[PDB]
């Protein structure tokens, strides 16, 4: 029966990769429908740059993200971030874990993937309080081997499960950029008119 189990393992990995690719194409198309063409292309470019690449230190990410924050807070207030965190409250944990596994497989993250819903809870807290250091520490900690693939997969798995609005989209993508590549933050700033 060892033979049959091994054949099933091979078949199941192949089907996992198939499901992952379909999930990413679907994700880009729903990003297109919900936030626009430029947002979809930004997500595509960021997921591309993330594959194979390594993340930055928490200090560098927090520097770029503090720039993004101080630009954001001059036009968007606390009611807006409260709306974002209330939207994040509606994440389905099982769906998020499965989407995280699939996105990790799709972006080249070969590490074993855990349900990291706690990072989403910390995201809610950080959006409410504008205190972002513990969130970034946890996000770095889930990136096994400093892999940006993991952080991009986690962000996409979070955004898939809820309708966060363009503001929450911009905030999440700006955090991912700060960890992966500051270059996108500028583009992110164009989505929310800043």
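Positions refer to the first chain, counted from 1.
In this entry, 65-73 has the higher mean Cα B-factor, the comparison being between 65-73 and 165-173. For the two regions 47-55 and 150-158, the entry's Cα B-factors average higher over 47-55. In this PDB entry, the Cα temperature factor of residue 34 sits in the middle third of its chain's modelled residues. Per the PDB record, residue ranking by Cα B-factor puts residue 41 in the highest third of the chain. When the CA B factors of the chain's modelled residues are split into thirds, the value for residue 118 lands in the lowest one. Among the modelled residues of the chain, residue 194 sits in the middle third by CA temperature factor in this PDB entry. Placement of the Cα temperature factor of residue 83 within the chain: lowest third of the modelled residues, per the deposited record.
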